[PDB]
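Engineer: Pasting a structure below so you can have a look.
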Amino acid sequence: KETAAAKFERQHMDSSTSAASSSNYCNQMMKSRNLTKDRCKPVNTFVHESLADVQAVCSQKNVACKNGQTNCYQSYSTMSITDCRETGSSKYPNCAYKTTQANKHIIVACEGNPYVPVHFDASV
Ligand SMILES: O=c1ccn(Cc2cn([C@@H]3O[C@@H](CO)[C@H](O)[C@H]3O)nn2)c(=O)[nH]1
């Protein structure tokens, strides 16, 4: 079965590209990472840094999670990311997304042993 750590990697890691996300990027990535299988996942962020750099965030700046839990961490450095946001005319199964590249500090929730990212909370 898929671990929470693996699920974070599938939903949120894309080290392979630096940013260059075409306007098509989210349409393709949301589908291929299986985030459009059951419904159109409304919002999702992919991070284009190494897995080591993203895992490292779990030992960086401790901040409150949006849900009030205390296990979130904000990257000290900005990171290359792409936000995917479902369009207003998007209708499942043909899920459609606006693709927006940015360089921002990521906030992730970490859990487990080893202590690794399991949710993407926000970018700031
Ligand atoms: O700027 C953002 C803000 C929220 N999110 C949501 C998210 C959370 N997660 C975490 O892992 C998923 C495991 O099912 C959950 O939806 C959430 O805990 N995945 N996507 C962004 O991707 N970018």
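Residue numbering for chain A follows Swiss-Prot, covering 27-150 in order.
We read in the header that X-ray crystallography, 1.7 Å was used to get this structure.
In case you wondered, yes, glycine gets a Cβ from its N, Cα and C as well.
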Engineer: Need the cross-check against Swiss-Prot: the disulphide partner of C84, picked from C121, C136.
Structural biologist: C136
Engineer: Of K63, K117, which does Swiss-Prot mark as glycation site?
Structural biologist: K63
Engineer: Where does Swiss-Prot put glycation site, among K33, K57, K124?
Structural biologist: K33
Engineer: What number of additional C-beta atoms lies within 10 angstroms of the C-beta atom of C121 (disulfide bond)?
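Structural biologist: That number is 21.
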Engineer: Can you figure out which of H38, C52, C84, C121, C136 (the recorded positions) comes closest in space to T71 (substrate binding site), comparing Cα atoms?
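Structural biologist: Its closest listed neighbour, by Cα, is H38.
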Engineer: Go through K27, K33, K63, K67, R111, the listed recorded positions, and name the one with the sparsest Cβ surroundings, counting other Cβ atoms within 10 Å.
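Structural biologist: Checked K27, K33, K63, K67, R111; of these recorded positions, fewest Cβ neighbours within 10 Å: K27.
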Engineer: Are any of the recorded positions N60, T71, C98, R111, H145 near ligand 1, with a Cβ under 6 Å from it, and if so which?
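Structural biologist: Among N60, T71, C98, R111, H145, near ligand 1: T71, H145.
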Engineer: Note down the number of other Cβ atoms within 10 Å of the Cβ of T71 (substrate binding site), including every protein chain shown.
Structural biologist: 20
